[PDB]
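1. opening piece of the complex, as it sits:
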Amino acid sequence: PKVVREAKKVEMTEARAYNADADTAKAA
Amino acid sequence: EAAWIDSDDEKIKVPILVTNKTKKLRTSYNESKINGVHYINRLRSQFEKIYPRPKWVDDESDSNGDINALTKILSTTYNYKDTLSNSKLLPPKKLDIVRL
Amino acid sequence: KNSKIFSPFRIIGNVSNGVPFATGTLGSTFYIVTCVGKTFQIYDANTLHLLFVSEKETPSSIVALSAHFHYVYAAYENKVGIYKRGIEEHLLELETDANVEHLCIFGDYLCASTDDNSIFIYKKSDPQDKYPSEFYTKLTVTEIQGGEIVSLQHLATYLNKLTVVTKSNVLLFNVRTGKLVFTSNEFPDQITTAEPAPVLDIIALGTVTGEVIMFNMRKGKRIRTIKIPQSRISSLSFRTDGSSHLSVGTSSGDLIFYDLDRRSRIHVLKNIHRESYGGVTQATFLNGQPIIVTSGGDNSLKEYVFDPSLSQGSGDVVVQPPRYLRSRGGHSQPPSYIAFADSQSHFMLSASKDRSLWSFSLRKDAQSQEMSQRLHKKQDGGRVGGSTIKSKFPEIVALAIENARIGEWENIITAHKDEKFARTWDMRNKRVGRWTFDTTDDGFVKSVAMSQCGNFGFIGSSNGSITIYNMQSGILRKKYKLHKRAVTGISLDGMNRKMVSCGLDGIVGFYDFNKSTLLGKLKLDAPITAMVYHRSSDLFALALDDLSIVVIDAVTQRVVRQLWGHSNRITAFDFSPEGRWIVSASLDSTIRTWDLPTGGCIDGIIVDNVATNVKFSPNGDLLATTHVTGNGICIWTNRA
């Protein structure tokens, strides 16, 4: 027999992300 | 060391506890306002904790006859059969023929 | 060009035009904001359904797009429009007379960049607002600092700083004050794209030859360079699952994945988007997943995934090639012929000039499919013969359908271009049907028709002949000859009784059909260019050649109405469902609605872009027209 290549159902786990909207700040 | 320096980014003063997303930067349960340099250093470390640091950024940079050459030109070229050369000699076992 | 009966609704069958789309996380999940000319559409990135559509058509095309959590910013001609859930929430007019090229939003600041190298900064009035509105300042790029501006970026952890990648160098501005804190050394090429990496400090710059420069901004020095030779780089995205990968998307359609730990080339994907219409205009790795979304100006949007390895321990030395998860699309080229399939006004066939016949959906725009052309095994026990490298059928220039036998034999006839037979198509299975219908005197099929009962298909040729074929059996039944010049329209009554044919010798011939007599011969002035029959009332309309519409009562066999008033040739036209109006679109860029009782024009629209087909729905809610440029179908309501 050869090698089997069959596709498995892809489901989207989540991941974190940075934020610009913290990244900017304010003078005094 | 870097190649630029930001006078207002050091003289600024920023709060923390006003936003859920960044209450977790603090080291004490006292501090509420940090200046810009320590804010930026905390924030860099959090970026590290979000997206961990790899090998390709950090450990490796690009900086008679060599040894690397076969691998290098393989990296460069993408379709390695010589076709473009006006080969003058009809190559064997696969004919190229079009019906008119 | 305000009208009194019809009003515009939306434009079906557009997915992207080539502006780089924008993406937006929303929580744990992703959406995709693409722009189609003067609108933007928003797709569930997991399954690609049409969530939202921009509410009102913007005054000009959209130059730039960007998205964030709930808001999406489009920068058309001069202004920036902030929209939430589609509806316009803020206008933001930039105090200049030059168009807005690029646009980047980070923190408190929105940053818009015009074309005469200037950067406008809009700052939130208070950070408990949700999008910025105070004008802050206006940073400018003098020609000695850099070339033209190419993109705006904001790398992580950079407080109040803006990375402006110009055509020769990269600048760093301190946008709160606005002192140019940093300039990079001049790159010896043209910079074409830029994109920030999920490592710190590092922006990946793609030049105009195959050279991607990983450039470290805190130090200001290159750390890596990667040479594709002879390609034009047009996209860069950094796979951030944890496997250090890169997708460079060239402007020829190649999409080349690099493995940056092991300095290798993982893969190529070749012709995923067309070389002509732009190649790969955007190609992004969704943040956290092995999913890439690519989109190109051939009106298509695609999604490719990465399966995990086959090997247990060896892991990330055996990398599986990336396969194809899912996609939507439309025509690449403008459409050629449209026709409503069914009498709920659900589905619409439409053939387009890239030879492809889609069937669109008016309700849900995921139900729309392309009708495949995979031939059937020849019924004779022989071999069907064509070039082994396959290509689509010639452009489908006439098309007629009946829904009365759907499921039991074929029910579309199509007539291709510079081609001498018709092809029966299917509509249930959505596939090429098993019969091809010749014309039997060497004459290019000029028009086709189908009986009401769905048994017979008439194929008028261009040397006058009429051949009639059974559709269950594809087999030739009858063949009349009355015309001598081309035959440009065929029709049959709903009692299978009287047949009408109109041909360029200015003849309308009426036949009986149960028996085979010739029942009359009417002669007009000019050549006859199109016939539309209307069945319930037995009236039909012949678009003549002398710029006139002539309505004829197909029973008493005489001309009943004559609609003058056009000024150039008449492209296409259609009776109402109730037999009362004619809509007719003509090459002076007008569409007119005529009333047949009073015999006179009661409406007219002047269109900026010539209309080339016009078709009512059968259940008479809508009017679908199609235009000379722009891939879509324009849908219109019915105030009557």
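-> Arrived safely. Residues are numbered from 1 along each chain as shown, chains lettered A, B, ... in the order given.
2. show me what from chain A comes close to chain B.
-> The interface of chain A toward chain B, taken as CB under 8 Å from any CB of the partner chain, is made up of A:16-19, A:22-23, A:25-28. C-beta here means a position set from N, CA and C on the backbone, and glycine is covered the same way.
3. ranges for the strands of the stretch 301-450 of chain C?
-> C:322-329, C:335-340, C:347-352, C:356-361, C:369-370, C:398-401, C:412-415, C:421-425, C:432-438, C:447-450 (DSSP state E, counting those that start in this stretch).
4. now the fifth one: how far from the chain's centre is it?
-> Relative to the centre of its chain, strand C:369-370 is centred 13 Å away, using CA atoms, centre = their mean, to the nearest Å.
5. list the strands paired with it, with their directions.
-> strand C:356-361 (antiparallel) (DSSP bridges).
6. over to the longest one?
-> According to DSSP bridges, strand C:322-329 has the following sheet partners: strand C:300-306 (antiparallel).
7. equivalent analysis for the second one, please.
-> Taking DSSP bridges as the criterion, strand C:335-340 forms sheet pairs with strand C:347-352 (antiparallel).
8. quick one: the strand it pairs with to strand C:421-425, angle?
-> Strand C:347-352 runs at 150 degrees relative to strand C:421-425, counting by axes from the mean of the first three to the mean of the last three CA atoms, to 10 degrees.
9. slot chain D in:
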Amino acid sequence: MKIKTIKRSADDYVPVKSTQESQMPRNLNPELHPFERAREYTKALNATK
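-> One more chain to add, chain D, which I have set with the ones above:
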């Protein structure tokens, strides 16, 4: 942050040989052994019978 859980070794609770009777661990928490007097009364009544 000292996360430690229960890690039972199989080689502690089942013998690697084949000819060796699988060991019984014990624990005398009366909470684990609930019905003292009813259980023993029924062993007395069974023994009588």
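10. how about the secondary structure of the spatially most central residue of chain B?
-> Central residue of chain B (CA atoms, centre = their mean): residue B:57, 5.8 Å from the mean position. With DSSP: H, G, I helix; E, B strand; the rest coil as the basis, residue B:57 sits in coil.
11. who are the contact partners of the residue nearest to residue C:445 when sequence neighbours are not counted?
-> Distance criterion CB to CB, 6 or more residues apart in numbering or on different chains; nearest residue to residue C:445, sequence neighbours excluded, is residue C:415 at 4.3 Å. By CB atoms under 8 Å, 6 or more residues apart in numbering or on different chains, residue C:415 lies in contact with C:396-399, C:422, C:445-448, C:459.
12. format those residues as a markdown table; extra columns: distance to residue C:56 and neighbour count.
-> What follows is these, written out as a markdown table (distance: CB to CB, whole Å; neighbours: other CB atoms under 10 Å in any protein chain shown):
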| residue | distance to residue C:56 | neighbour count |
| --- | --- | --- |
| C:396 | 34 | 26 |
| C:397 | 35 | 20 |
| C:398 | 37 | 24 |
| C:399 | 34 | 20 |
| C:422 | 43 | 28 |
| C:445 | 43 | 26 |
| C:446 | 42 | 21 |
| C:447 | 40 | 26 |
| C:448 | 40 | 22 |
| C:459 | 46 | 28 |
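13. next one is chain E, place it on the structure:
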Amino acid sequence: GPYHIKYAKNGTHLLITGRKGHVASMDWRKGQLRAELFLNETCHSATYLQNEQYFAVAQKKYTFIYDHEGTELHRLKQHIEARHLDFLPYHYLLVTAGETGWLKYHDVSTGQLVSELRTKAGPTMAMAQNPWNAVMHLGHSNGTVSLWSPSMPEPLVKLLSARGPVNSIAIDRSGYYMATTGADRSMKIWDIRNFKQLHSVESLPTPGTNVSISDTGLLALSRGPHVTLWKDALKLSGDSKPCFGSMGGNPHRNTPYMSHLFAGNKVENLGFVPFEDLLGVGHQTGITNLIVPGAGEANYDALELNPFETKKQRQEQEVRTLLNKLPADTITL
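-> Putting chain E onto the chains we already have gives this:
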């Protein structure tokens, strides 16, 4: 449907019921699947009955007792509409408590319905068993819990617990505490021996949909799609009561010890895996084991329940337990 977990007392096997017909009995460590039934009446709950060899499921109306393979043994007629099942396993009594509001104790070893009690206060909303005691706490829509026993027509004791109905009760292993949770967004820790409430939490943000007291006195509460766990709430000191937040670094409040919110689900029930430290949550789309690093007890006993119990050890042992079954009639308070 939404699912429902039951770990076999031994620790090894698991039984999941759906809500449409999907019942399955598995081994979960070796992955091997014992049985699988696609019966289409809405099942509610299930239990193992003594081994992995027998189980009993509620159904639309009756109770069906199946084999280890799902060949139906019996159709229990007299248990009409049993929304709740339990098995009290030294006395061998299958206990159902209904929607009729009748409580039936059934001896699954000889096949003879021991007792048929009338709980008059309406359809039983919750049910748990004192394990040290084998006495059934049924919690009733008045807001009152009631302790029964098979040889007594009247409730042994009534315990006015909540205002409005009683969602779920769960009793300690040591037989000495009871946490109950109620639809007026409440949760109360009672001291069953001496029958005094220790201490009570009176405003949860959404009703306590379930509770469970582990094999180490640790408490798990579940409120919709949230699962919260408090450690050392089953003490008498007033300084134990489960708070949700520490008012600025106050070392007397008992902030939770673990937490997990599922996002779209809604947790149906929950149990603790017996001798490993996990708790199994059963929800609308499956099963999950959350690793809870204090939860179960480490060092079990082997003359009662091995988790490594072979085949011969099983069949010898069960005839020993049958031979020594306590009468139905013992069960005092």
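14. isn't the residue nearest to the centre of chain B right next to residue C:202, touching?
-> Yes: taking contacts as CB atoms under 8 Å, residue B:57 lies within contact range of residue C:202: 6.4 Å.
15. so what sits against both of those two?
-> Common neighbours of residue B:57 and residue C:202, using CB under 8 Å, 6+ apart, are residue C:223.
16. chain A: helices as residue ranges?
-> Secondary structure of chain A (DSSP state H): helices at A:20-23.
17. near chain C, which residues of it are found?
-> A:3, A:7-8, A:10, A:12-18, A:20-27.
18. re earlier: which one is the residue nearest to the centre of chain B nearest to, not counting chain neighbours?
-> residue C:199 (4.0 Å).
19. ok, residue A:16 next?
-> residue B:50 (4.8 Å).
20. equivalent analysis for residue C:265, please.
-> The nearest residue in space to residue C:265 (CB to CB, 6+ apart) is residue C:258, at 5.8 Å.
21. show me what the helix or strand harbouring that neighbour is packed up against.
-> Residue C:258 is part of strand C:255-259, with elements assigned from DSSP states H and E. For strand C:255-259, the packing partners by 3 or more CB pairs under 8 Å, 6 or more residues apart in numbering or on different chains; DSSP states H and E come out as strand C:245-250, strand C:264-269.
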